[PDB]
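Trainee: Structure: work03.txt, compact mmCIF, N, CA and C atoms and all ligand atoms.
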```txt
# COMPACT_ATOMS: atom_id res chain seq x y z
N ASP W 4 -1.79 -7.05 -16.98
CA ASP W 4 -2.14 -8.07 -18.01
C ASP W 4 -1.38 -9.37 -17.75
N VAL W 5 -0.25 -9.54 -18.43
CA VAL W 5 0.57 -10.74 -18.26
C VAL W 5 1.91 -10.40 -17.62
N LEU W 6 2.28 -11.17 -16.60
CA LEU W 6 3.54 -10.97 -15.90
C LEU W 6 4.57 -11.92 -16.49
N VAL W 7 4.17 -13.17 -16.68
CA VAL W 7 5.04 -14.20 -17.24
C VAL W 7 4.41 -14.85 -18.46
N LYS W 8 5.13 -14.84 -19.57
CA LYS W 8 4.63 -15.44 -20.81
C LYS W 8 5.31 -16.79 -20.96
N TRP W 9 4.55 -17.81 -21.34
CA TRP W 9 5.16 -19.12 -21.52
C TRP W 9 6.10 -19.11 -22.71
N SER W 10 7.23 -19.79 -22.56
CA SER W 10 8.24 -19.90 -23.60
C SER W 10 8.52 -21.38 -23.85
N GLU W 11 8.98 -21.69 -25.05
CA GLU W 11 9.30 -23.07 -25.41
C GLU W 11 10.52 -23.48 -24.57
N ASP W 12 11.13 -22.49 -23.94
CA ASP W 12 12.30 -22.68 -23.09
C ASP W 12 11.91 -23.52 -21.88
N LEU W 13 10.67 -23.35 -21.43
CA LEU W 13 10.16 -24.05 -20.26
C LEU W 13 9.65 -25.46 -20.57
N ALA W 14 9.56 -25.81 -21.84
CA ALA W 14 9.07 -27.13 -22.26
C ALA W 14 9.78 -28.32 -21.62
N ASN W 15 8.99 -29.33 -21.28
CA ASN W 15 9.47 -30.56 -20.67
C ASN W 15 8.51 -31.63 -21.20
N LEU W 16 8.22 -32.66 -20.41
CA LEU W 16 7.31 -33.71 -20.85
C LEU W 16 5.95 -33.08 -21.11
N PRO W 17 5.19 -33.62 -22.07
CA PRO W 17 3.87 -33.05 -22.36
C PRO W 17 2.92 -32.90 -21.17
N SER W 18 2.81 -33.92 -20.32
CA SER W 18 1.92 -33.81 -19.17
C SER W 18 2.47 -32.82 -18.14
N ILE W 19 3.79 -32.65 -18.11
CA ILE W 19 4.40 -31.71 -17.19
C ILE W 19 4.16 -30.27 -17.66
N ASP W 20 4.16 -30.08 -18.98
CA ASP W 20 3.92 -28.75 -19.56
C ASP W 20 2.53 -28.23 -19.17
N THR W 21 1.52 -29.10 -19.23
CA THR W 21 0.16 -28.69 -18.91
C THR W 21 0.07 -28.17 -17.48
N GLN W 22 0.87 -28.74 -16.60
CA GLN W 22 0.87 -28.30 -15.21
C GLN W 22 1.63 -26.99 -15.00
N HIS W 23 2.84 -26.90 -15.52
CA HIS W 23 3.63 -25.66 -15.40
C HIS W 23 2.87 -24.50 -16.05
N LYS W 24 2.25 -24.77 -17.20
CA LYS W 24 1.45 -23.78 -17.91
C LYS W 24 0.30 -23.32 -17.01
N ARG W 25 -0.22 -24.24 -16.20
CA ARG W 25 -1.30 -23.90 -15.27
C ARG W 25 -0.77 -23.03 -14.13
N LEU W 26 0.44 -23.34 -13.65
CA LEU W 26 1.05 -22.54 -12.59
C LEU W 26 1.27 -21.12 -13.09
N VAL W 27 1.69 -21.01 -14.34
CA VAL W 27 1.94 -19.71 -14.96
C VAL W 27 0.62 -18.94 -15.08
N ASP W 28 -0.45 -19.63 -15.47
CA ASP W 28 -1.74 -18.97 -15.58
C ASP W 28 -2.15 -18.42 -14.22
N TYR W 29 -1.82 -19.15 -13.15
CA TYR W 29 -2.17 -18.69 -11.81
C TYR W 29 -1.35 -17.45 -11.44
N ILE W 30 -0.07 -17.45 -11.80
CA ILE W 30 0.77 -16.29 -11.50
C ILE W 30 0.18 -15.08 -12.22
N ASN W 31 -0.26 -15.29 -13.46
CA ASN W 31 -0.84 -14.21 -14.23
C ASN W 31 -2.19 -13.78 -13.66
N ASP W 32 -2.95 -14.73 -13.10
CA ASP W 32 -4.24 -14.40 -12.50
C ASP W 32 -4.01 -13.53 -11.26
N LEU W 33 -2.99 -13.90 -10.49
CA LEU W 33 -2.63 -13.19 -9.27
C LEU W 33 -2.10 -11.78 -9.57
N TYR W 34 -1.27 -11.67 -10.60
CA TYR W 34 -0.73 -10.37 -10.99
C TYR W 34 -1.87 -9.42 -11.36
N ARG W 35 -2.81 -9.92 -12.16
CA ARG W 35 -3.95 -9.13 -12.60
C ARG W 35 -4.77 -8.62 -11.42
N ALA W 36 -4.92 -9.46 -10.40
CA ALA W 36 -5.68 -9.08 -9.22
C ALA W 36 -4.96 -7.98 -8.46
N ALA W 37 -3.63 -7.99 -8.54
CA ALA W 37 -2.82 -6.97 -7.88
C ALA W 37 -2.97 -5.66 -8.65
N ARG W 38 -2.94 -5.76 -9.97
CA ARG W 38 -3.11 -4.60 -10.85
C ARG W 38 -4.45 -3.92 -10.54
N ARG W 39 -5.46 -4.74 -10.29
CA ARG W 39 -6.80 -4.26 -9.99
C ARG W 39 -6.97 -3.81 -8.54
N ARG W 40 -5.97 -4.08 -7.71
CA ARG W 40 -6.03 -3.70 -6.30
C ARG W 40 -7.14 -4.46 -5.58
N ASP W 41 -7.37 -5.71 -5.98
CA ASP W 41 -8.40 -6.53 -5.35
C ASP W 41 -7.68 -7.55 -4.48
N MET W 42 -7.51 -7.22 -3.21
CA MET W 42 -6.81 -8.07 -2.26
C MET W 42 -7.53 -9.36 -1.89
N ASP W 43 -8.85 -9.39 -2.00
CA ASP W 43 -9.57 -10.62 -1.66
C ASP W 43 -9.34 -11.65 -2.76
N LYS W 44 -9.35 -11.17 -4.00
CA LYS W 44 -9.15 -12.04 -5.16
C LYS W 44 -7.72 -12.54 -5.13
N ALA W 45 -6.79 -11.65 -4.78
CA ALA W 45 -5.38 -12.00 -4.70
C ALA W 45 -5.18 -13.13 -3.70
N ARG W 46 -5.75 -12.99 -2.51
CA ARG W 46 -5.63 -14.03 -1.49
C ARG W 46 -6.24 -15.34 -1.96
N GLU W 47 -7.36 -15.25 -2.66
CA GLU W 47 -8.04 -16.42 -3.18
C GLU W 47 -7.19 -17.10 -4.25
N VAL W 48 -6.71 -16.32 -5.21
CA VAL W 48 -5.88 -16.85 -6.29
C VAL W 48 -4.59 -17.45 -5.72
N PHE W 49 -3.96 -16.73 -4.80
CA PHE W 49 -2.72 -17.22 -4.20
C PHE W 49 -2.94 -18.59 -3.56
N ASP W 50 -4.02 -18.73 -2.81
CA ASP W 50 -4.32 -19.99 -2.15
C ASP W 50 -4.41 -21.15 -3.16
N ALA W 51 -5.11 -20.91 -4.27
CA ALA W 51 -5.26 -21.94 -5.30
C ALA W 51 -3.92 -22.22 -5.98
N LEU W 52 -3.13 -21.17 -6.20
CA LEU W 52 -1.82 -21.34 -6.83
C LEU W 52 -1.00 -22.25 -5.93
N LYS W 53 -0.98 -21.93 -4.64
CA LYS W 53 -0.23 -22.73 -3.66
C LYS W 53 -0.69 -24.18 -3.71
N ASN W 54 -1.99 -24.38 -3.56
CA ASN W 54 -2.57 -25.72 -3.56
C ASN W 54 -2.22 -26.51 -4.82
N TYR W 55 -2.33 -25.86 -5.97
CA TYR W 55 -2.01 -26.54 -7.22
C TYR W 55 -0.53 -26.90 -7.28
N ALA W 56 0.32 -25.99 -6.81
CA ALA W 56 1.76 -26.23 -6.81
C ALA W 56 2.05 -27.50 -6.02
N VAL W 57 1.40 -27.62 -4.87
CA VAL W 57 1.59 -28.80 -4.03
C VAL W 57 1.18 -30.08 -4.75
N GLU W 58 0.10 -30.02 -5.52
CA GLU W 58 -0.35 -31.20 -6.26
C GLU W 58 0.57 -31.46 -7.45
N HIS W 59 1.11 -30.40 -8.04
CA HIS W 59 2.02 -30.57 -9.16
C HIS W 59 3.27 -31.28 -8.65
N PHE W 60 3.79 -30.81 -7.52
CA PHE W 60 4.97 -31.41 -6.90
C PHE W 60 4.72 -32.90 -6.65
N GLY W 61 3.54 -33.21 -6.12
CA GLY W 61 3.17 -34.59 -5.86
C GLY W 61 3.15 -35.43 -7.13
N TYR W 62 2.69 -34.86 -8.24
CA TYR W 62 2.65 -35.58 -9.51
C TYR W 62 4.08 -35.89 -9.95
N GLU W 63 4.94 -34.88 -9.88
CA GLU W 63 6.33 -35.07 -10.25
C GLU W 63 6.93 -36.13 -9.32
N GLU W 64 6.68 -36.00 -8.03
CA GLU W 64 7.22 -36.97 -7.08
C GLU W 64 6.71 -38.40 -7.30
N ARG W 65 5.50 -38.54 -7.84
CA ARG W 65 4.95 -39.87 -8.10
C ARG W 65 5.73 -40.45 -9.26
N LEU W 66 6.04 -39.61 -10.23
CA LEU W 66 6.83 -40.05 -11.38
C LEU W 66 8.21 -40.51 -10.91
N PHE W 67 8.80 -39.78 -9.95
CA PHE W 67 10.12 -40.13 -9.42
C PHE W 67 10.07 -41.52 -8.80
N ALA W 68 9.00 -41.76 -8.04
CA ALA W 68 8.80 -43.05 -7.39
C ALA W 68 8.58 -44.17 -8.41
N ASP W 69 7.61 -43.99 -9.31
CA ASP W 69 7.30 -44.99 -10.34
C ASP W 69 8.52 -45.37 -11.19
N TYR W 70 9.34 -44.39 -11.56
CA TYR W 70 10.49 -44.71 -12.40
C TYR W 70 11.87 -44.68 -11.73
N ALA W 71 11.89 -44.82 -10.41
CA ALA W 71 13.12 -44.85 -9.62
C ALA W 71 14.18 -43.83 -10.02
N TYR W 72 13.76 -42.57 -10.13
CA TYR W 72 14.63 -41.46 -10.48
C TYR W 72 15.66 -41.25 -9.35
N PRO W 73 16.97 -41.37 -9.68
CA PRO W 73 18.10 -41.22 -8.76
C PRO W 73 18.18 -39.93 -7.95
N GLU W 74 17.47 -38.89 -8.40
CA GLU W 74 17.48 -37.62 -7.69
C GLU W 74 16.14 -37.29 -7.03
N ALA W 75 15.30 -38.31 -6.84
CA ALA W 75 13.99 -38.10 -6.23
C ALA W 75 14.08 -37.40 -4.88
N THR W 76 15.02 -37.86 -4.07
CA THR W 76 15.22 -37.32 -2.73
C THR W 76 15.49 -35.82 -2.69
N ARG W 77 16.55 -35.39 -3.36
CA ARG W 77 16.90 -33.99 -3.39
C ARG W 77 15.83 -33.12 -4.00
N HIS W 78 15.26 -33.57 -5.11
CA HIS W 78 14.22 -32.78 -5.77
C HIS W 78 13.02 -32.59 -4.83
N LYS W 79 12.66 -33.65 -4.10
CA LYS W 79 11.55 -33.60 -3.16
C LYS W 79 11.78 -32.57 -2.05
N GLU W 80 13.01 -32.51 -1.53
CA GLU W 80 13.36 -31.57 -0.47
C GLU W 80 13.30 -30.14 -1.02
N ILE W 81 13.58 -30.00 -2.31
CA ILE W 81 13.53 -28.69 -2.95
C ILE W 81 12.06 -28.23 -2.97
N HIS W 82 11.17 -29.12 -3.39
CA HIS W 82 9.74 -28.81 -3.42
C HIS W 82 9.27 -28.47 -2.01
N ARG W 83 9.69 -29.30 -1.06
CA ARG W 83 9.30 -29.15 0.34
C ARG W 83 9.64 -27.79 0.93
N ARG W 84 10.82 -27.27 0.60
CA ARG W 84 11.22 -25.97 1.12
C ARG W 84 10.44 -24.84 0.47
N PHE W 85 10.17 -24.95 -0.83
CA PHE W 85 9.42 -23.91 -1.52
C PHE W 85 8.01 -23.77 -0.93
N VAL W 86 7.39 -24.90 -0.60
CA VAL W 86 6.05 -24.87 -0.02
C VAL W 86 6.07 -24.07 1.28
N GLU W 87 7.07 -24.32 2.13
CA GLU W 87 7.17 -23.58 3.39
C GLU W 87 7.28 -22.10 3.09
N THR W 88 8.10 -21.78 2.09
CA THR W 88 8.31 -20.41 1.67
C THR W 88 6.99 -19.79 1.23
N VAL W 89 6.23 -20.54 0.43
CA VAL W 89 4.95 -20.05 -0.05
C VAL W 89 4.00 -19.82 1.11
N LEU W 90 3.99 -20.75 2.07
CA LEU W 90 3.12 -20.62 3.24
C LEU W 90 3.49 -19.35 3.99
N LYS W 91 4.78 -19.05 4.03
CA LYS W 91 5.25 -17.84 4.69
C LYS W 91 4.70 -16.63 3.95
N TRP W 92 4.93 -16.58 2.64
CA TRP W 92 4.44 -15.47 1.81
C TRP W 92 2.94 -15.30 2.02
N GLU W 93 2.24 -16.42 2.14
CA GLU W 93 0.80 -16.38 2.32
C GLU W 93 0.38 -15.47 3.47
N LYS W 94 1.12 -15.53 4.58
CA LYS W 94 0.79 -14.71 5.75
C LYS W 94 0.93 -13.22 5.47
N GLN W 95 1.93 -12.85 4.68
CA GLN W 95 2.17 -11.45 4.33
C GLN W 95 1.01 -10.82 3.58
N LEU W 96 0.17 -11.65 2.95
CA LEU W 96 -0.97 -11.16 2.18
C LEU W 96 -2.19 -10.72 2.99
N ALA W 97 -2.34 -11.25 4.20
CA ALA W 97 -3.49 -10.90 5.02
C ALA W 97 -3.61 -9.40 5.26
N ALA W 98 -2.48 -8.78 5.60
CA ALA W 98 -2.46 -7.35 5.88
C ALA W 98 -1.79 -6.59 4.75
N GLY W 99 -1.33 -7.33 3.74
CA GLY W 99 -0.65 -6.71 2.63
C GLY W 99 -1.53 -5.93 1.68
N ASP W 100 -0.89 -5.09 0.88
CA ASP W 100 -1.58 -4.28 -0.12
C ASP W 100 -1.11 -4.76 -1.49
N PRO W 101 -1.57 -4.11 -2.57
CA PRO W 101 -1.14 -4.54 -3.91
C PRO W 101 0.38 -4.55 -4.07
N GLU W 102 1.06 -3.74 -3.26
CA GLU W 102 2.52 -3.64 -3.31
C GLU W 102 3.17 -4.93 -2.85
N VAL W 103 2.74 -5.42 -1.69
CA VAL W 103 3.29 -6.65 -1.14
C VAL W 103 3.01 -7.80 -2.10
N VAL W 104 1.87 -7.74 -2.78
CA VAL W 104 1.51 -8.78 -3.72
C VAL W 104 2.51 -8.82 -4.87
N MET W 105 2.94 -7.65 -5.33
CA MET W 105 3.89 -7.59 -6.43
C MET W 105 5.24 -8.17 -6.02
N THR W 106 5.64 -7.94 -4.77
CA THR W 106 6.90 -8.47 -4.28
C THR W 106 6.81 -10.00 -4.25
N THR W 107 5.67 -10.51 -3.80
CA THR W 107 5.46 -11.96 -3.74
C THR W 107 5.57 -12.57 -5.15
N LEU W 108 4.80 -12.03 -6.09
CA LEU W 108 4.82 -12.50 -7.47
C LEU W 108 6.23 -12.57 -8.04
N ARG W 109 7.01 -11.52 -7.81
CA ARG W 109 8.38 -11.51 -8.30
C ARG W 109 9.14 -12.67 -7.65
N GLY W 110 8.80 -12.96 -6.40
CA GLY W 110 9.44 -14.07 -5.72
C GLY W 110 8.99 -15.37 -6.37
N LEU W 111 7.68 -15.50 -6.60
CA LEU W 111 7.11 -16.69 -7.23
C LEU W 111 7.75 -16.93 -8.59
N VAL W 112 7.74 -15.90 -9.43
CA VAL W 112 8.35 -16.02 -10.75
C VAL W 112 9.80 -16.46 -10.63
N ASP W 113 10.56 -15.69 -9.86
CA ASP W 113 11.98 -15.97 -9.62
C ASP W 113 12.18 -17.47 -9.34
N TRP W 114 11.43 -18.01 -8.39
CA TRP W 114 11.58 -19.43 -8.06
C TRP W 114 11.09 -20.39 -9.15
N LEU W 115 9.88 -20.16 -9.66
CA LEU W 115 9.29 -21.03 -10.68
C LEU W 115 10.13 -21.18 -11.95
N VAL W 116 10.48 -20.06 -12.58
CA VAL W 116 11.28 -20.12 -13.80
C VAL W 116 12.60 -20.87 -13.58
N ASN W 117 13.32 -20.49 -12.53
CA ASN W 117 14.59 -21.14 -12.22
C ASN W 117 14.41 -22.63 -11.98
N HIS W 118 13.42 -22.99 -11.17
CA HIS W 118 13.18 -24.39 -10.86
C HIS W 118 12.88 -25.22 -12.10
N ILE W 119 11.97 -24.73 -12.93
CA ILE W 119 11.61 -25.43 -14.16
C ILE W 119 12.81 -25.59 -15.09
N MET W 120 13.46 -24.48 -15.42
CA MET W 120 14.61 -24.54 -16.30
C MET W 120 15.80 -25.31 -15.70
N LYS W 121 16.05 -25.15 -14.40
CA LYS W 121 17.18 -25.86 -13.81
C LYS W 121 16.91 -27.20 -13.13
N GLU W 122 15.88 -27.28 -12.30
CA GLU W 122 15.62 -28.54 -11.60
C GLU W 122 14.77 -29.56 -12.35
N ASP W 123 13.61 -29.14 -12.86
CA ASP W 123 12.73 -30.07 -13.57
C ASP W 123 13.35 -30.59 -14.88
N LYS W 124 14.17 -29.77 -15.53
CA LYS W 124 14.79 -30.21 -16.78
C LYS W 124 15.70 -31.42 -16.61
N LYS W 125 16.25 -31.60 -15.41
CA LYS W 125 17.13 -32.72 -15.12
C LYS W 125 16.45 -34.08 -15.29
N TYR W 126 15.14 -34.13 -15.07
CA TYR W 126 14.42 -35.40 -15.18
C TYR W 126 13.80 -35.71 -16.54
N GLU W 127 13.85 -34.76 -17.47
CA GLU W 127 13.23 -34.96 -18.77
C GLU W 127 13.78 -36.12 -19.60
N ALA W 128 15.08 -36.15 -19.84
CA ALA W 128 15.66 -37.23 -20.63
C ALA W 128 15.38 -38.56 -19.95
N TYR W 129 15.74 -38.65 -18.67
CA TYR W 129 15.53 -39.86 -17.89
C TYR W 129 14.12 -40.44 -18.02
N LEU W 130 13.09 -39.59 -17.92
CA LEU W 130 11.71 -40.09 -18.02
C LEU W 130 11.23 -40.35 -19.45
N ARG W 131 11.71 -39.58 -20.42
CA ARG W 131 11.33 -39.78 -21.83
C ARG W 131 11.89 -41.12 -22.29
N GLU W 132 13.08 -41.44 -21.79
CA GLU W 132 13.76 -42.68 -22.14
C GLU W 132 12.99 -43.88 -21.62
N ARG W 133 12.20 -43.66 -20.58
CA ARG W 133 11.41 -44.73 -20.00
C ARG W 133 9.95 -44.65 -20.41
N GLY W 134 9.69 -43.94 -21.50
CA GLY W 134 8.34 -43.84 -22.03
C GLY W 134 7.28 -43.00 -21.33
N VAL W 135 7.68 -42.09 -20.46
CA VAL W 135 6.71 -41.25 -19.75
C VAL W 135 6.30 -40.12 -20.69
N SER W 136 5.05 -39.66 -20.59
CA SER W 136 4.62 -38.61 -21.48
C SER W 136 3.54 -37.73 -20.87
CA CA H 201 9.24 -25.86 9.08
CL CL H 202 7.42 -26.34 -11.16
```
I need this file expressed as structure tokens, please.
Mentor:
Amino acid sequence: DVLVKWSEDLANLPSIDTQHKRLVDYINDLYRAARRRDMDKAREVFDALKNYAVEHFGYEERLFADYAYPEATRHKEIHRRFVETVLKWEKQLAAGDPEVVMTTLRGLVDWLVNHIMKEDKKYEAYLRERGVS
């Protein structure tokens, strides 16, 4: 059913919430496909999750650029490394079974929750103060 439930703990800027909430929906879509043992759906969902994550990162990075956020550089490198990691995980799915999918999801969750609560939260005050929403 649901692997990760959204919490007010993850809240940030309103437009950022809609995106993180979407990433969470993808994690839940992927988990469900694993529960069903449907590896084709899993690979499909994973691909879209990855792609969306990349666009989400780009949106955040555009905000960093537009509002001259002092930590744009480091945050960008953080996003950059996760993408490589995701691309790596992606390969494990070709021959993987529902089991490997569960390991991946736990990895995805592990990274996503930590990143949102620890990394993305750093930019909230800074951007709200400059009228971003
Ligand atoms: Ca590389
Ligand atoms: Cl994120």
Trainee: Considering all atoms listed in the file, state which residue in the set W:118, W:109, W:77, W:94 is at the smallest distance from ligand CL 202 (chain H).
Mentor: W:118
Trainee: Using only C-alpha atoms and all ligand atoms, which of the listed residues (W:133, W:91, W:124, W:78) sits closest to ligand CA 201 (chain H)?
Mentor: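 Result for the nearest residue to ligand CA 201 (chain H): W:91.
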Trainee: May I ask you to write as a VMD selection string all residues lying at most 6.5 Å from ligand CL 202 (chain H), with only N, CA and C atoms and all ligand atoms counted?
Mentor: chain W and resid 23 115 118 to 119
Trainee: Could you pull the residues within 12 Å of residue 125 (chain W), counting only C-alpha atoms, minus those fewer than 5 positions along the same chain, as a ChimeraX atom specification?
Mentor: /W:15-16,67,72-75,77-78,118-120,130-131
Trainee: Would you please work out which residue, of W:41, W:87, W:113, W:64, is nearest to ligand CA 201 (chain H) when using only C-alpha atoms and all ligand atoms?
Mentor: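 Closest to ligand CA 201 (chain H) of all the choices is W:87.
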